[PDB]
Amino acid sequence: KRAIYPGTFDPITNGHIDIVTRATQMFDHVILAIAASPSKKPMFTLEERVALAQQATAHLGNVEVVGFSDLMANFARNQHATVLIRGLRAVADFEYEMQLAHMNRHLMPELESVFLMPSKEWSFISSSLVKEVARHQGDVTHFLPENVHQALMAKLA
């Protein structure tokens, strides 16, 4: 059973590590898929985001980190994935997630969207909030893997 966990991961946070770890306890192979997302004008290049996520997930044996610029559904078909994982923090996320999931089902009906809920510890964070705090020199060590925190410090230095 192959699952894809797609996202912008700009950068990957402890909330993302929490979701992917839960995914590996459920499915045999997990593809952590980083979308290029140019419309979002990401802080880190796709190459950087892939490198950060690879290092941050090295301890999880059945995680493969890959980048993509393709349509989500086509990339999942090309990875032979039948499960699409997304983390759900609150009601605000739930509405937008439904649109993407119904569109993905329209484009690939055999690809099942599944939602997981992060730990209470990471239920109020996002890449956007972590970047906002770090842009103002606020301490975000608690929310990011060690290698990611270093890269975010270095990127803003």
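One rule holds for the numbers: they count along the sequence shown, beginning at 1. Rigid core (definition): largest C-alpha set, two forms, superposition within 1.5 Å.
Remark: when the other structures in 9 other deposited structures of this protein are fitted onto this one via the rigid core, 133 to 141 deviates more than the alternative among 133 to 141 and 16 to 24, judged by RMS CA distance. Of the two stretches examined, 88 to 96 and 124 to 132, the one with higher mean CA deviation in 9 other deposited structures of this protein after a rigid core fit is 88 to 96.
The PDB entry reports B-factors from which the mean C-alpha value can be compared for 103 to 111 and 52 to 60; the larger average falls on 52 to 60. Stretches 86 to 94 and 123 to 131 differ in mean C-alpha B factor, with the higher average recorded for 86 to 94.
Of the candidates 13, 147, 141, 21, it is 147 whose Cα B-factor is highest according to the PDB record. Per the deposited record, the Cα B-factor of residue 26 falls in the highest third when ranked against the other modelled residues of its chain.
Among the modelled residues of the chain, residue 66 sits in the middle third by CA temperature factor in this PDB entry. For residue 34, the recorded CA temperature factor ranks within the lowest third of the chain's modelled residues.
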